[PDB]
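Protein sequences, first through last, are from chains B and A. Using PDB author numbering, the letters of the first sequence map in sequence onto residues 3 to 68. Using PDB author numbering, the letters of the second sequence map in sequence onto residues 21 to 63, 69 to 335, 339 to 963, 970 to 1041, 1052 to 1171, 1182 to 1205, 1208 to 1244, 1250 to 1292. Below is one structure, written out as structure tokens; the observations come after it.
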Amino acid sequence: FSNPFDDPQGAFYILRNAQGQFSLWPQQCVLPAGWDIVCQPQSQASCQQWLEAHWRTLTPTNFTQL
Amino acid sequence: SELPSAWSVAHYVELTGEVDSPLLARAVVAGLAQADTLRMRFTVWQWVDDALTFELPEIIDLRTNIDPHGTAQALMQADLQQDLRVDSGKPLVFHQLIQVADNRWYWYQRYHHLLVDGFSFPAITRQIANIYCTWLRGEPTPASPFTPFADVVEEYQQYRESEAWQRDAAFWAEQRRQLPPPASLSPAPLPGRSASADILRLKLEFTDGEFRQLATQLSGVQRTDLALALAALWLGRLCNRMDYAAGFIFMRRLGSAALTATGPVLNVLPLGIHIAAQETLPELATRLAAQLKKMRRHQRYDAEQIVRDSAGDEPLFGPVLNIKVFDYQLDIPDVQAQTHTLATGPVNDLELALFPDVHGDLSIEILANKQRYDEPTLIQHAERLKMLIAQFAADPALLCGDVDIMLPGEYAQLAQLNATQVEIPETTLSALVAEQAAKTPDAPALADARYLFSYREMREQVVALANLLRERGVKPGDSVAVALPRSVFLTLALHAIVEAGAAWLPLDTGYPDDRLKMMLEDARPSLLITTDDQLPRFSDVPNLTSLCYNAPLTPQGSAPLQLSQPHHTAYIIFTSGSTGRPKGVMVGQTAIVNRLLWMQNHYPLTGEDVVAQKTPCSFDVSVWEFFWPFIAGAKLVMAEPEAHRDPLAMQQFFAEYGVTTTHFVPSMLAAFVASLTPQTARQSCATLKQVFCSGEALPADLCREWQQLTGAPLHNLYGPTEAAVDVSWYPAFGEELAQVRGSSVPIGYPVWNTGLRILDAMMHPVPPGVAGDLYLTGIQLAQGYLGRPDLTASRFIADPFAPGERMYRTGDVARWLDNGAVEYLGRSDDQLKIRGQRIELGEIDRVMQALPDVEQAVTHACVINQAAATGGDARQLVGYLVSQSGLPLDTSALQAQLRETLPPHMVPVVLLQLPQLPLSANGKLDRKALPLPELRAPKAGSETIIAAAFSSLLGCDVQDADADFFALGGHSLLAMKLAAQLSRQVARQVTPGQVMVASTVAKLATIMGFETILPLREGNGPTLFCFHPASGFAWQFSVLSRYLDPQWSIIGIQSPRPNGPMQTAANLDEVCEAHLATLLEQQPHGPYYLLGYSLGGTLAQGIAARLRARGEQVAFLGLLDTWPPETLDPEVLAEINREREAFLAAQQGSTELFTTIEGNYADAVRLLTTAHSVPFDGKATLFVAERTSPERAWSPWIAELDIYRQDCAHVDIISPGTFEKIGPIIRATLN
Ligand SMILES: *P(=O)(O)OCC(C)(C)[C@@H](O)C(=O)NCCC(=O)NCCS[C@@H](CS(=O)(=O)NC[C@H]1O[C@@H](n2cnc3c(N)ncnc32)[C@H](O)[C@@H]1O)[C@@H](N)CO
Ligand SMILES: [Cl-]
């Protein structure tokens, strides 16, 4: 409804920038510049399962250095 | 039904050539007489009177006028701007014939709108011309081509009784079922009808040749269906609505029946238009053309019929798309005929006709309401269509969702609004606070009711605690949870955590233990800072180190530790998640530094400003309350706990410290203004120099009501937690407030190094005034969600306008205003903002669907009672349950279970069980069918006044106790008016927080240490002992603490009842040596610091000498207007009576068990009659009231007397205003 990211039936790329940050991108939109495609379009819960296993540097003790 | 509108259609045929004028006029009467529909008559009744006649048109000769054309227009306008009668048999037809030249004629024609329409009037003009031409050949008058009015009426009754009807009815019944809501190119609401028949006509020919090239690439596409596909896309894109209802011109009569009819014929019917973003222009042109074909098989159906089976409510459609062309051609021998249109009729919104010519080019005709549109903004929209077409002529494989409808001058205006680049230093919070502390080390910085720190003193305590945190294993990059009451040590703790290079995690102790443990298991902080009282709650939390911080530490220098780095996390604020579990927002160090440096640049603070700390630490608004005053030199003052909920306690708090800067939530500002009178508004809010509102939509009417009371500048700020406090700003006072047209103050312009986007579903920008999805870019974005990469990648998305950068998805719907400011419009998700509290309805539903035997559960926000809708946000959380077994659920016991999981504000106030969840034909849960909750030991005799107070505010008679204040429609804003109303009806004070913990008639009706030792302020270093006066309580020494060095402890000792030193002593030396037991045990060896006042003065001067029998030294002995007992005596009983009068007047008349107070005075009088002053050779300090011989009267009982003068009485020498001068003297003497 309304926002294309709130669509539970939508498919989403998983993108990654130079700083190792991950962004979902809806399949129906033109891909943004500066981001690499990591995963092909998956489900809302499939993206949730991939992100929880490949992006675990998201704690305040991980921003302690760089 | 009702007599119709009386607006007419007007046109003139411009004839060029030799015209037989008195013959053509005679041909008009002959033509009009043939059509018996033009003899229609209204009298309510509507019928045809064939006894009506037509008069010859009056011929007018303007060839000898100074301006033949201009005068001819005025003539036709003078008849057109007159209201037609519709009454009488007066035929509603009028023709003219104005002669402009020898060869040029203006043939004016006017008809009532119920006689002809835009399609049928050329039939009458052509028949009059046929009669005219036929006579010019010498032939008789031609027959009547029109069918009589009787035959067209039976034609309609032939219909409506057939199977085509009911079949057409079933089609347009299902059409309005899936008919989307209408759209409009105007930001104004859409009215049902429209008054003015004077409209705005606009004709535009596109000579760029782009449409010609578009149709030559789409050869198989019909040009009318292609042009219509363009308009359908053009309207949806400009309104940012892919589904909208439009109108379309059909015909109720077809074939010969339409060419023969006198009119009307046209039929405007609803048309649902869906714009699929992934489609190409041919596919949209195909589906749209195939959709009209199905509608044309039912176009004979009446348009006024769709309305009847559907006043001034919203209409069915907005824009009207016309693809038809009307034949105005006449053939008069050697005469050129050109029809010019004067009056088409009223338009409600916008009519758009498209004309692809024979050569392939494209012209459009725009008709618009003059109230909703103007000349230039239509040219601007029609320019967007010119580039719309051009982008498909370049690439016909372009998707309809990716087509660009924004002009080149609006991309530039967005490049100017986001030019917020400001170079800031690569610094941290600790470096900014240490910078200001070096500037003004002696200025006042932090103060509550028992403390006042200078900047140097504050940094000494912060570094002391930050070293203690390091000694307990807090390394840079860790989290520290904080569960502290609002005091100076709450502020110190946060600064100390940042000083150690760690991030702080604020905890609301009002949350249940199951949620705090869940929050602590997700953040996993290295240490928890709390008090000893809150400690037993965290015992069930495994692997968590505790630290009790409730007293100042020993200071060891103020040098900064330099452990903080800009890349570190500054703080973690938890919010509600739509999946059930809360989520933590980690805000970086650089993100909060930019927010504060802008705050100080845009709203400068100085050393005479007083910032208030009243926002609960859980809310990220407090973040700039804890640090912004310390990067500027201002003073930060701690409000009392539970005082942010009390407007009256807020008024006392503002006047007490002279607060200059504070924050408000619009619901609280509305409740604060409701408690204000102009007398109290200048007694508390007089020192306010600037006030900030955020968290909710700020009503402009409230700001004007706030500007009249105080005149203090008000500022609207907007931003989510993920964007470091606030992301935009807008003035809510002065000239900007008077120029606000909307209901709410705009959220404004971007702060430093911050951008705003407002995009559609395909991530393209939207033109001004059009609603879109609000996104945030810049240096102020959060690092992400703690432990939640799935949430981060979903809300912190890629930014297609800044390669590689990131962009936060707010979930807010917003639009651009003409001045560049952003206006908040609403949400796009199920997140609500109740009185400033961020609440996710998804979480509350997930917890209720986990309850025992619960099949379905729905949370809903509504106003239970309309008598409580006075100001602020009156919404309540109402939960609806469906049992899986069909058995009753006992909702009150389920409500108690929810309170052990959800925060108090997220717990529904009422739980109602439903047989079936009220779905609709869609299956999408109709929330308007959700039933609002309806409004036993009868009251009492004491709770009869409070039960009468509910009936006042709640507007409903409450007669039985255990009546929940909230379940009757009350809310925490109305509890402030409730507690303020009971405080006038009871001698005892009632705080709005007492209503919170116990909201019930009988439970609210049931609702300063009394021990030997009074712990006024427990510090670290030396202890100043204050002795009780004749009342037997050291309560009045509360105001001395703030004037002392924070290391000093202050322990007042007193005499309680029963079993008290004044009640049990026969001699005054029996009690004077009884306090030597309590004083010597806590300081077995001195030195000693003693203060007395009146009876406590002689009680200290006896101990000060009983200690000089020891053994230890007496460093400070202070006496507040004390006299030796050698000075029963009268007149001193009138003085100690004034001591009893003043002491009781400061208890607010609360309480009674306090016969102890007057009892102590009675046992004090009999104790003063056997008293005897002891030597004490040392030095003592005297404070004397000038308004009542202190030297010689004390001479042989204290060798040294330093003495100080104060203009007061013996009663007011202990007053808070007198300690304003006495206070600093004790501090200066004690060191
Ligand atoms: P009763 O038992 O209900 O008690 C009543 C009172 C008022 C005492 C109680 O409700 C209370 O203490 N309230 C204080 C609430 C508070 O301080 N809240 C923090 C403000 S919001 C915060 C971030 S947020 O994510 O929580 N909210 C962001 C969210 O809010 C909307 N919003 C913010 N600013 C807006 C403006 N100016 N106009 C319209 N909408 C605004 C947006 O939807 C946004 O997404 C802070 N960052 C806000 O400054
Ligand atoms: Cl809301």
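Ideal placement from N, C-alpha and C gives every residue a C-beta, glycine not left out.
Continuous beta strand (DSSP E) stretch holding residue i: start and end
i	result
A/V615	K611 to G616
A/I1041	Segment: none, A/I1041 is in no beta strand (DSSP E) and carries neither H nor E.
A/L802	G800 to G806
A/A381	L378 to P384
A/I557	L555 to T558
A/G839	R834 to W844
A/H368	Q364 to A371
Simplified DSSP assignment, three categories, for residue i
i	result
A/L787	strand
A/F824	strand
A/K1011	helix
A/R226	strand
A/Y777	strand
A/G95	helix
A/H299	strand
A/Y1087	helix
A/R855	strand
A/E438	helix
B/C31	coil
A/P570	coil
A/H1119	helix
residue 1247 of chain A	Shown without residue 1247 of chain A, the model has chain A running from 1244 straight on to 1250.
A/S1006	helix
A/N622	helix
A/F420	helix
A/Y157	helix
Nonlocal neighbours in the same chain, by C-beta distance under 6 Å from residue i, ignoring five residues either side
i	result
B/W37	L17 and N19
B/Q46	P10
A/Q238	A421
A/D536	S646
A/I1283	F1239
Host alpha helix (DSSP H) of residue i (start-end)
i	result
A/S650	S650 to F655
A/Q489	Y483 to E499
A/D550	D541 to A551
A/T1212	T1211 to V1221
A/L1198	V1186 to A1199
A/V461	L457 to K467
Spatial neighbours of residue i in its chain, beta-carbon cut-off 7 Å, leaving aside the 5 residues before and after
i	result
A/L572	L548, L556 and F566
A/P675	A699, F700, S703 and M1010
A/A365	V33, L35 and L358
A/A821	none
A/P1251	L1238, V1240 and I1264
Contact test: residue i Cβ vs ligand 4 heavy atom, cutoff 7 Å
i	result
A/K467	Ligand 4 is not among the ligands present in this structure, which contains only ligand 1 and ligand 2.
8 Å CB neighbourhood of residue i in its chain, flanking five on each side removed
i	result
A/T690	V639, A640, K642, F682, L716, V719 and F720
A/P504	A528, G529, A530, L591, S592, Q593 and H596
B/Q29	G12, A13, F14, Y15 and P43
A/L845	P774, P796, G797 and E851
(request) Let me know the beta strand (DSSP E) ranges lying completely inside the region 879-918 of chain A, each 3 residues or longer, listed in chain order. (result) 884-890 and 904-910
(request) Report the residue ranges of all alpha helix (DSSP H) runs contained in full by the region 633-714 of chain A; include only those spanning at least 4 residues, in chain order. (result) 650-655, 675-685, 694-702 and 706-712
(request) Please specify which runs of the alpha helix (DSSP H), each continuous and at least 4 residues long, are wholly inside the region 228-281 of chain A, giving them in chain order. (result) 235-242 and 248-263
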